[PDB]
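Have a look at the structure below before the remarks.
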Amino acid sequence: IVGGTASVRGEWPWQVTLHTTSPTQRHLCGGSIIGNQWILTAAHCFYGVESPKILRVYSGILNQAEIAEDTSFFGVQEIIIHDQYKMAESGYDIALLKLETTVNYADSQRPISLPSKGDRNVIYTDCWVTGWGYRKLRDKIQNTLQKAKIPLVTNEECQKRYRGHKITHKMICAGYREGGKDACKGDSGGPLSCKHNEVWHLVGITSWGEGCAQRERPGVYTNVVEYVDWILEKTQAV
Ligand SMILES: Cc1c(O)cccc1C(=O)Nc1cccc2ccc(C(=N)N)cc12
């Protein structure tokens, strides 16, 4: 996260840090708890990932330092990538992680509600992006979860900033005309939370952007509401 500040512990209870153990353990992506056995994250986070066995999901984390060899985690039973996903910039950058065990909810770890189709008209004015990603272009994974309040921009406005891309209605952008605050590498899979009517909604999933926090270069996110049917279908037992 660029231009953000340190989060208060437990302030974003749905935020998880997804680690890979190969070659050695490290933070791979952010993710959001949306069900007792489900994490919603970005598809491009699993590039080169041949098996869910090298993945570890850590919930209720503020500082990466809390994570040690003796720290408990949730194993991943299955990685579900949208069948139309090819790459972040083309859309469909969404994936579900089915955990091997269930998450016991508490003040430090709870699910974030998904947006409703009837809210596609709502005008979220209190949106925040969070993660342990880069604080700059040439940076590295941060210890403390960062947060930044960022205003959403219309898709038409976003399209103007990315003339070489197709900003579809399945994408949503957020950023300041002058830049300064934005998600960055490492924040991928992270949630773009917006508080509406005293309730937090998972509006977007950190997906991509040209650089980080540059002027006239809004961050691009997966428009979650456009995938509620997909999520319902993929999360139903088999
Ligand atoms: C290519 C690259 C790096 O190597 C290091 C840091 C940033 C970048 C980059 O251009 N874009 C990016 C690469 C991977 C994940 C990203 C997540 C969010 C954003 C965003 N601005 N909302 C940009 C990203």
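Where a number appears in this text, it was derived from the coordinates with a stated rule and is not lab data. FYI the Cβ positions are ideal-geometry reconstructions off the backbone, even for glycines, and counts take in every protein chain you see.
Here are a few things to note about the model shown:
- Loop-resident GluC sites (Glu not before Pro) (DSSP state other than H, G, I, E or B) in segment 29-84 with no more than 16 further Cβ atoms inside 10 Å of their Cβ: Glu50, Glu69.
- Ordered by the number of other Cβ atoms lying within 10 Å of each residue's own Cβ, fewest first, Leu28, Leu192, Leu232, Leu152 fall into the sequence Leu232, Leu152, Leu28, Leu192.
- FRET E, pair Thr21, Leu137, Förster distance 25 Å, beta-carbon r, rounded to 0.05: 0.35
- Eligible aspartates and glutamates near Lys160 by straight Cα distance, threshold 14 Å, same-chain separation 8 or greater: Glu210, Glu216
- The calculated FRET efficiency for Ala106 paired with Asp229, based on their beta-carbon distance and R0 = 41 Å, is about 0.85.
- Taking a sphere under 12 Å around the Cβ of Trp132 and counting the other residues whose Cβ falls inside, with K and R at +1 and D and E at -1, yields a net charge of +2.
- Applying the criteria of a DSSP loop state and at most 15 other Cβ atoms within 10 Å to the trypsin sites (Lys or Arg not before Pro) of segment 25-123 yields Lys86, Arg120.
- Among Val203, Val153, a tally of other beta-carbon atoms within 10 Å of each Cβ gives an order, fewest to most, of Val153, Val203.
- Residues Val16, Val199, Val225 in ascending order of nearby Cβ atoms (within 10 Å, fewest first): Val199, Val225, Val16.
- Here the simple spin-label model places points 7 Å from the Cα toward Cβ, and for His169 and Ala237 these points are separated by 3.5 nm.
- Each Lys or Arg adds one and each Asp or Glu takes one away; over the other residues whose Cβ falls under 12 Å from the Cβ of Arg26, this sums to +2.
- The residues neighbouring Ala6, those whose beta-carbon lies less than 13 Å from its own, together hold a net charge of +2 under the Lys/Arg +1, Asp/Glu -1 convention.
- Applying both filters, DSSP loop and at most 14 other Cβ atoms within 10 Å, to the GluC sites (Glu not before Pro) of segment 139-232 gives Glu178, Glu198, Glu216.
- Ranking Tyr105, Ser59, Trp12 by Cα position along the charge dipole of the chain, where only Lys, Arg, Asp and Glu carry charges on their C-beta atoms, puts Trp12 farthest toward the positive end.
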